[PDB]
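Coming up is one lone chain in structure tokens, specifically the form deposited in one PDB entry.
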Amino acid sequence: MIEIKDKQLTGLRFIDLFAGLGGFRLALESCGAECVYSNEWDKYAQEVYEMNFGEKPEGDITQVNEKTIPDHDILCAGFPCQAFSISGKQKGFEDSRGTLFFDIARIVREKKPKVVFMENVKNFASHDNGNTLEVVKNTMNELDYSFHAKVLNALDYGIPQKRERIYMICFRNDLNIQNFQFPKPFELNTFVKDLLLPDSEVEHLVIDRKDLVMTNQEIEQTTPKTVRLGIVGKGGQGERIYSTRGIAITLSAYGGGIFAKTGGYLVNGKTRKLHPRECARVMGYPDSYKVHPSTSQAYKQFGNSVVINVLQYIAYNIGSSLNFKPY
């Protein structure tokens, strides 16, 4: 994550729904905002969240009485994407994990915050011929909010990872916000190799497959894209090796393959998965953030997480708009 000099969100309160690792909290707090409520039902996610923030999030949001939630100015929610990912069944709203948005609507209807800040996968904008997005837009409009949505790629915001997500920002109408804008992209100057740990700390992650097949030669010039160098097995998900001179592929939470949830990388002549810490760095998490003791749960959590830097730029712009109150 980066450092924010002008704390645009100072004095504002927000709630951390579907908290997970707490990426939204890190981002909003870096801007001076105060967290007054968090919710997450995963046991292991609750443990890591408590390790880094000192409090346990409330459980299953579907069984929480919205009136119970503390007044707040901004509602943050990176809700479940498994039902919308192109890698799954795309049942969307017909999936038990695809209805959480309505829980969000339910909370908004009661608390009416100034801002609703949501996140999901890129496919959310196209899912079901765009009906899924329209449903969200209309729901928010009927709740008396403006709706701003855009897919952003982490690689355009200083992070060496290809992670395209849809960001949806909504301002309550009585605030008359007409100047909100998604941050503009900029040149990437950091690559996977620059975030790697020393070889002496990841020897155990090295994988030596006899069926490795180099499909491309290692490049010598860094580039803002994923560069596949080869594959193992049939080359499916988790069986693809990439160059550290390029950017990391998107981290997976439920993915498989021999290089499961991180993908494989060519490092100093050897192929290996990424270490939890490296996963934290590709997600913009500061080295001071404590990862969950179970590496398996750590990979899962980062796979589901958001990129801190992208949320920071957006949070700053939300604040910039809320603070423009000329006479």
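The first residue of the sequence shown is number 1, and the count goes up from there. Heads up, when I say rigid core I mean the largest set of C-alphas that superpose within 1.5 Å between the two forms.
FYI, the form deposited in another entry isn't displayed, but the following is about it.
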property: Position that moves between this form and the one not shown after core superposition, taken from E164, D144, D156, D95, with Cα shift of 2 Å or more; result: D95
property: Core-aligned C-alpha movement of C81 between this form and the one not shown, 2 Å or more; result: yes
property: In that other deposited form, whether the C-alpha atoms of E94 and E40 sit closer or farther than here (change of 3 Å or more); result: farther
property: Direction of Cα pair change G88-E58 in that other deposited form, magnitude 3 angstroms or more; result: farther
